[PDB]
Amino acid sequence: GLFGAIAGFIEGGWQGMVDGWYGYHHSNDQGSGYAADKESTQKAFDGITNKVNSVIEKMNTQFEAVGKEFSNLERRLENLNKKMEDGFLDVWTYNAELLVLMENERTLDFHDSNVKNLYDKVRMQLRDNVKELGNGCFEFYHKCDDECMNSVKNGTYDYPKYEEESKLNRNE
């Protein structure tokens, strides 16, 4: 996709992450598991809810066919009426189908962007205290406990804190 994360460098999804659209899987001495990122999930949910309302609401100003009858001596008028009602019908079908297609494209790319941005947020926080594996994971140059994993997931990782511990690991 446009942002290269979904079915990209992060090759697949997680059946095991049931509580959100985007999030984490951690692995340490204490164990492993999944956790949704609530902030980014909610922000995307809000946008998507806005999108669907927008697409619907903009096509509430839509043409309606009204039943009229014409004599056998009013065939041109009858044809004009039919061409008009059909014409608007075609225009509105076009508007609906196109809008759904274009916006579906954008919805998939929005989710891709949200995953990439979350990844980048964590990356830019961990810096060189981790190795970027290239698969969506960061491998720590230090032991990172549950409280340590919890700090990353809510953006309170103390890099100035683990700075010296990791450089020794990274170099030795």
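Position 1 is the first residue in the sequence shown; the rest follow in order.
Averaged over their C-alpha atoms, the temperature factors of 123-131 and 54-62 are higher for 54-62. In this crystal structure, the stretch out of 20-28 and 152-160 whose C-alpha atoms carry the higher mean B factor is 152-160. Per-chain ranking of the deposited C-alpha B factor places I48 in the middle third.
In the PDB entry, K68 places in the lowest third of its chain by CA B-factor. Ranked against the other modelled residues of its chain, the C-alpha B-factor of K38 as given in the entry falls in the highest third. Remark: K143 belongs to the highest third of its chain, ranked by C-alpha B-factor as recorded.
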